[PDB]
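What the coordinates show
Listed below are the residues making up each chain.
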Amino acid sequence: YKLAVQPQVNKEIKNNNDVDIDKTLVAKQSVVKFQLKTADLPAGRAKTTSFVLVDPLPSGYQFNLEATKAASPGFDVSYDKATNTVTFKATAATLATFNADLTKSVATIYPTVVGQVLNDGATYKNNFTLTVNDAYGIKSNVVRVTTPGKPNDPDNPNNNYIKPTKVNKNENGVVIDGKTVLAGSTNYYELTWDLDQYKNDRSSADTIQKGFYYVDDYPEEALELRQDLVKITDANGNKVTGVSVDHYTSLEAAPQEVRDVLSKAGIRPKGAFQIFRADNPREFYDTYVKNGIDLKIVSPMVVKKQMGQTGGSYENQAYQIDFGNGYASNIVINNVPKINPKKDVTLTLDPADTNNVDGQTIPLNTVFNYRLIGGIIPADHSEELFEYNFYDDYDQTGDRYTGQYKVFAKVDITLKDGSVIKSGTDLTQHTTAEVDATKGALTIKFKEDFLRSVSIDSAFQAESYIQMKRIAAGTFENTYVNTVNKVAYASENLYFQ
Ligand SMILES: [Ca+2]
Ligand SMILES: [Ca+2]
């Protein structure tokens, strides 16, 4: 009875619900099992003294020793860390079994490797080598599976990168990334939920139950959310149903569920964030994920007033979390301009006049002007200009309004039709004035049609001279406020003292 057994060998690869996944697509951190099966040992074999299955596991597959042993009864399991290689030896019991009756066939048992796939866009190939009686052995077939995240994949023609994307826009739908945005304007952010690569996924139940989320780490120091304008649409153009919207002031403030999901995925937001959520993972998965249908989230956010006084930049970033795996969007930067309106006293109406600083004391009965310098509105800005007003509340004890004002361009203003209004040009014709002589105050209002004719790509600044007569001795306060696009901005003296 010489001639040791020479069974055929079949390696099999399965997900955590014991479904075959050979040559498919499975999500990152999926549990992936390998079964090292052998054919039945034939009647008239020799005594099997040793039956060892060596399996050098693929790069990026993380071996779970305890689970493996749990799944591989009748086998001693040993693992070399250096080489990521598991070895199974049939125990004395299993060999007693193979040898009990050499005159009749016997079924083998098999060891199962339990582990997870750690990396995105990767192909994981596996085989194993039986050797019998510390002599002859044989290498198995090759099985494999792929994680989504990689283009030109032969097994999954839809596989591309997982890239959630973010873009900023004005209400016309024009791209406003990188541009100046005036306090009160809204950022009509469009977040993409990138699912197309997940098409024909074959992950287990346990993996899908880890859920689907989307985070917008908005800058709460600069923006407040218009939550009521959010519009989740699929890539076929349809409304999206199962996703709920929440916002939270900080990570510490938000439920145990969300802290966990963000913590697991490795996402720690800066202060406040907006978070979307698949209400039923399974349904979401079955409708959009498995079908490779990108989502679109429109999440508009308005710029706080309090930011026009400081100015400075803000940035928005998004994250998608599929099966508990975290991916970052591109970062979109905008900046708010400091609107810095200035007030001076001058004896002339000449916009090019000498820039004297001298403590301007106005002799009794002198005709003078308050020079009300408007805020600088920088080139390449969000929305159209539609309001630009100079309010001026004067003290009637000391100052009498003459009924005469003029307005001047203070920088080169470019209109839409391409014509350019040079700095210094009289713009008075494009204004009117609200006067209340009784209260002691007036507002010079640029005309809406004229402002809306200013290119959004042009800088804009004007100044008003309002003519007064000083009618008493003593010194006299004067208040001026410049209002742009419905946002008030206090003036300071042009010369600090
Ligand atoms: Ca993609
Ligand atoms: Ca934030």
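So, how was this worked out
Residues numbered from 1 in each chain as written, not as in the entry; some residues may be left out. Chains lettered and ligands numbered in written order. Heavy atoms only, no water. Residues with missing side-chain atoms left out of burial classes, pairs and counts. Helix = DSSP H or I, 4+ residues; strand = E, 2+ residues; numbered from the N terminus. Contact = heavy atoms within 4.5 Å. Pairing = 2+ DSSP bridges. Core = buried A, V, L, I, M, F, W, Y, C linked by side-chain atoms within 4.5 Å. Buried < 20%, exposed > 50% of the residue type's maximum accessible area, 1.4 Å probe, protein only. Domains from an automatic or database assignment. Donors = N, O, S within 2.8 Å, 3.2 Å for Na, K, Ca; no water. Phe/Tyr/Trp six-rings, centres within 6.5 Å; stacked < 30°, edge-to-face > 60°. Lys NZ or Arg CZ within 6 Å of the ring centre and 35° of its normal. Salt bridge = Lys/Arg side-chain N within 4 Å of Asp/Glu carboxyl O. Axes fitted to C-alpha atoms, helices over the stretch in contact; angles between N-to-C directions. Arc of directions from axis to C-beta.

The deposited coordinates derive from X-ray crystallography, with the record listing a resolution of 2.7000 Å.

Before going further, it helps to spend a moment on the overall build of the protein chain. Of regular secondary structure, the protein chain possesses seven helices and 34 strands. When the backbone C-alpha atoms are referred to their principal axes, the protein chain occupies close to 130 × 40 × 35 Å. Contacts in the protein chain between residues at least 24 apart in sequence constitute 75% of all its contacts with a sequence separation of at least 6.

On to the sheet that holds strand β26 (residues 399–409), then. What links the strands of a sheet is backbone hydrogen bonding, and the strands pair in either a parallel or an antiparallel sense. If you walk across this open sheet you meet the five strands as β26-β31-β24-β23-β34, and the pairing is mixed. Looking at the sheet topology across the chains shown, the edges are occupied by β26 and β34 (492–493).

Residue position: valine 167 is located in strand β12 (residues 166–167). Sequence-wise, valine 167 and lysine 69 are 98 residues apart; in three dimensions their C-alpha atoms are separated by 49 Å.

The next subject is the nonpolar core. What tends to happen in soluble globular proteins is that the nonpolar side chains get buried as a cluster. Formed by 71 residues in total, the largest nonpolar core has its most connected members in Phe212, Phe284, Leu427, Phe446, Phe460 and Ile466. Here this core spans two domains, and each of domain 2 (154–339) and domain 3 (340–497) adds at least three residues to it. Ignoring any residue separated from it by four or fewer positions in sequence, one finds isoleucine 466 in contact with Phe368, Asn369, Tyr370, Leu372, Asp392, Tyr401, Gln404, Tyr405, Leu442 and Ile444. In this structure, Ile21, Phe51, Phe98 and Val106 belong to the second largest nonpolar core, which totals 31 residues.

What follows deals with unusual backbone geometry. Even without a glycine there, the phi angle at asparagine 200 is positive, about 60°. If you check the backbone angles, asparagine 485 has positive phi at about 50° while not being a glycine. Assignment of secondary structure puts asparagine 485 in the loop between β32 (478–484) and β33 (487–490). With relative accessibility at 9%, the residue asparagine 485 sits in the buried group.

Looking at the calcium ion (ligand 2), the protein donor atoms are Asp217 (OD), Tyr218 (O), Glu220 (OE), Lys270 (O) and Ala272 (O), and they sit 2.2 to 3.1 Å from it. A relative accessible area of 7% means that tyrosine 218 is categorised as buried. Judged by relative accessible area, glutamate 220 falls into the partly exposed class, the value being 30%.

Our next topic: the packing of aromatic side chains. Counted by the stated rule, this structure contains 22 aromatic pairs. Judged by centre distance (5.4 Å) and plane angle (45°), the ring pair of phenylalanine 212 and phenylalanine 284 falls under tilted. Linking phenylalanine 212 in strand β14 (residues 212–217) with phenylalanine 284 in helix α5 (residues 281–289), this pair joins segments that are 72 residues apart in sequence. Its relative accessible area of 5% is what places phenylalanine 284 among the buried residues. Centroid distance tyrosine 388 to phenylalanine 390: 5.6 Å. Interplanar angle 55°. Geometry classified as tilted. Neither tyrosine 388 nor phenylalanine 390 differs from the other in exposure class; each is buried. One aromatic cluster is present, formed by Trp193, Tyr198, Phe212, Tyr214, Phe284, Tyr285, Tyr288 and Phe323 through successive ring pairs. It is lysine 37 that lies over the ring of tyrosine 110; its NZ or CZ is 5.1 Å from the centre. One cation-aromatic arrangement involves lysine 166 over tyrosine 189; the distance from NZ or CZ to the ring centre is 3.8 Å.

What follows is about the coordination of the calcium ion (ligand 1). Ideal geometry at a metal centre: 109.5 degrees between donors when four sit tetrahedrally, and 90 or 180 degrees when six sit octahedrally. The coordination sphere of the calcium ion (ligand 1), as far as protein atoms go, consists of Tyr161 (O), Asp194 (OD), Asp194 (OD), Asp196 (OD) and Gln197 (OE1), spread over 2.4 to 2.8 Å. Judged by its relative accessible area of 6%, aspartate 194 is buried.

Looking now at the pattern of salt bridges. Taken as a whole and assessed by the stated rule, the structure comprises 20 salt bridges. One salt bridge in this structure joins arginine 277 and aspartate 279, with 3.7 Å as the shortest N-O distance. The exposure class assigned to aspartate 279 is partly exposed, which follows from its relative accessible area of 45%. Its salt-bridge partner being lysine 406, residue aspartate 426 comes within 3.3 Å of it at the nearest N-O pair. Placement of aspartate 426 in the loop between β28 (420–421) and β29 (431–436) and of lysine 406 in strand β26 is noted, with a sequence separation of 20 residues between them. By relative accessible area, which is 29% here, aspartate 426 ends up partly exposed. For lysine 406, a relative accessible area of 35% gives the class partly exposed.

Our next topic: the sheet that holds strand β10 (residues 137–139). Strand order in this open sheet of five strands is β5-β6-β3-β9-β10, and the pairing throughout is antiparallel. Lying at the two open borders of the sheet, with one neighbouring strand each, are β5 (75–80) and β10. Averaged over all neighbouring strand pairs, the angle between strand axes comes to 15°, with direction disregarded. Note that β5 and strand β6 (residues 85–90) share six bridges and pair antiparallel. Across the sheet, residue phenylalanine 75 finds its bridge partner in β6, namely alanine 90.

So, on to the environment of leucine 3. In this structure, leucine 3 sits in the segment before β1 (9–14). Judged by its relative accessible area of 71%, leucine 3 is exposed. A sequence separation of 44 residues divides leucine 3 from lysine 47, and the C-alpha atoms of the two residues are 8.9 Å apart. If we skip the residues at most four places from it in the chain, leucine 3 touches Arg45 and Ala46.

A separate point is helix α4 (residues 256–265). Because an α-helix packs 3.6 residues into every turn, residues spaced three or four apart end up facing the same way. Turning to α4, its buried residues number three or more, namely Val258, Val261, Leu262 and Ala265. Along the long axis of α4, the arc covered by the buried residues comes to 90°, so they all point the same way. With respect to the buried face of α4, the exposed residues turned more than 90 degrees away are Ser263 and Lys264. Tucked into the core, α4 has its buried residues touching β14, β18 (273–278), β20 (312–322) and β21 (325–328). One or two residues past the end of α4 sits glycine 266, with phi positive at roughly 85°.

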